[PDB]
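Quick heads-up: the structure tokens below are two forms of one chain, split into structure 1 and structure 2.
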Structure 1
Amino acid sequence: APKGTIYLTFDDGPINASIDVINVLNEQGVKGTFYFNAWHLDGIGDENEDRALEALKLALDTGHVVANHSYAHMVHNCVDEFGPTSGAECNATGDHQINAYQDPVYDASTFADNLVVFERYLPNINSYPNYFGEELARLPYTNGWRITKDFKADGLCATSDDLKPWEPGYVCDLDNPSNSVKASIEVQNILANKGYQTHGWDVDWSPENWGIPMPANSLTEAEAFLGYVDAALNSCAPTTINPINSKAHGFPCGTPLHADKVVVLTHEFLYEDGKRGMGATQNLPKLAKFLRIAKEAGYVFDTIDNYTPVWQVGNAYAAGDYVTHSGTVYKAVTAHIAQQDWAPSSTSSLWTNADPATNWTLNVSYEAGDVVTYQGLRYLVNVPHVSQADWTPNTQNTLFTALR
């Protein structure tokens, strides 16, 4: 009977600072989820990153989950031509969020480049069960979600075509958002069709003021931050969160998978003594205190791969329960006790596939109004039905109509 589940997630590693963050976590047995960019492994990410490969190894060997944050954090969209100094050059101008997404197909493909680079530096990385780079992602700058067919959100103010959010003159038009936001959405949809889930966050453990001379020194204290977590528990934090560009618009408040869960976003580089402040000296103790008080307050920690629980032999499932099985999201059709010979599948009558994907897919519960893509063409679902191999969109003229 825990008060809730916290998902500690760390963005933008692997860097030298990741090693200290992991050792703090390890001292208390907590597992984190790390959303890595492989450009630190190549030494072009403008951080202290000579130990990036040791950090990647440490994360995997001590049981933390590694997920896909893209190769270079979309920095290629921040400069005219991407190269070894694009990182520092984009740091100099601070325009990370300006035209952050441009060509969605290419931007998505940098999530796959990420995988290739990981495997070049750590060639046996897919022999690790806690390596999830092919299945779990998070978009840079974007509190966007792709969890189930019916659990999606987009961060409609996350990135801009011109003005930064705080800057005088900034308007975010939700009914017609920035071109960069529009591309980020297509990127979400592209990753979901390759089988990813993308997760945003409920709370962003960040500087209480990004304007003071050493911003890392103003990271929220642990007591105050456990307070933020308490506040977000079952209160649809992704929509209420500030600033505006951190919001997740359309988040399905009260959706069952999000009950009693808080996903915390933070960055290893905030726990480093360096160009941003006394991270290691002042904030590593804050992190270690939070881990103590959060358990005392009744929370437990988990990693994002369990956010949707894995299908288990012997569990009682209710109609409507969500699981993953071989990385695929499923929704129980019938209350029943799972057993070894009837796991979810593309022909199971006990489950339907509920991936957040939009390509036409077997054993999906389709609704009137859904749109599916099949053999390069888009089709509207006219009639609710569970899809099967006899009823491919191109030949079933009753259940589907081509958009043309």
Structure 2
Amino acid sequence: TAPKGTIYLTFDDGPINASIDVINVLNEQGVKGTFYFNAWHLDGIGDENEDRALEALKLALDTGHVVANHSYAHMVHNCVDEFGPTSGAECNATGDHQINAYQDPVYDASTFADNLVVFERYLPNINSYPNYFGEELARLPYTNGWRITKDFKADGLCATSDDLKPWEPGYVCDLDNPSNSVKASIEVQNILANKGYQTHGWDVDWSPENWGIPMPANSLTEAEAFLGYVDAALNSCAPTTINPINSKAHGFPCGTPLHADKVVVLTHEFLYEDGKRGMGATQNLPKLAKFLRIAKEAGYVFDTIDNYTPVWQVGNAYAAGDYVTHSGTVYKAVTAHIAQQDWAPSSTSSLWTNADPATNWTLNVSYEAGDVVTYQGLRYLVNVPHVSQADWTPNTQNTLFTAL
């Protein structure tokens, strides 16, 4: 039979000492999580208890959890005048993380690439792990932004600010004229998508109601009530209805088939530590353990973000319009069929089209009039719907494409 739904438990801002305790709680019940890591904790400059950060990274990989890319230093270089070893402490003293969080999108996007270099430096064999998805799965700091398929995208238009924090008096978000930081974050999403990343936001956040609350670890919802929030998010387009306003994923395609019967849960392992943020270990590690227990007894199953878009499999039946990933690339089924080993999705497959959320011109993509592609550094408008092929390059096809 079918589960009540699939929960994707995701943890942000590790690897830190508290990651080990969270992972041990997950391992007690065989639950796998997705960990969006910032490698500056491996360098010891992240202003957390992080001397065991490498142990935490190895533990996550060794016990089956998925490691994803959250950028090297959580955009904290944009929080200070000059980024250095004390920048995390100074941004924590001001609490200005959300202010000017994105500035130069090209440089900001490159800190996701920097993240992978540092991962490999501390763990040279990391790409021999099948659950290392640092190059293919990402999540933008502070931003409930999504890049899943060509027709499944969303952006947090109030995620970050140019001046006032979202919990401060006088804060106003204008959806028609978003902050400069939000507009830069959108460009970061598009740059990552063009490098083959998918980015995932969240439906529910196990966190303080807002990040201005003092001692945030103490105000986490109890496990039973949180399962109630998970229930309420199932098939309800929660990314658009979530509060507060800086957590919303604007433009999220409500009812899109890939999100059916799924809830992505966000939390942070630094909320599960007894320390500067409260009694997180004493209070919240038992909450996490109880939540896993009652969710599984209620009929939920837990899975990792790498399976959010199902991996193509020999012998599976696919309807027209079904989405899969094959070798990390998103494809959509052209015709209903049963997959066989020789009919894997490809750039010349007649059974699939590439449906990556990228915008570079790509082979075997079902383009629509109004789409904009980039090719040889030039942007082109699609005039006529068609499936791209090798000889229909934008620069030679004036009927299909118009250079901007």
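The first residue in the sequence of structure 1 is number 1, and each one after it adds one. Throughout, rigid core stands for the largest set of C-alpha atoms superposing within 1.5 Å between the two forms. Only residues modelled in both forms are compared.
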### Task
Shifts of 2 Å or more in the Cα, rigid core superposed between structures 1 and 2, apply to only one of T334, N179, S326, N209; name it.
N209
### Query
Core overlaid, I15 C-alpha shift between structures 1 and 2, how many Å?
0.1
### Query
Superposing on the rigid core, where do three or more consecutive Cα atoms all move 2 Å or more between structures 1 and 2?
207-215
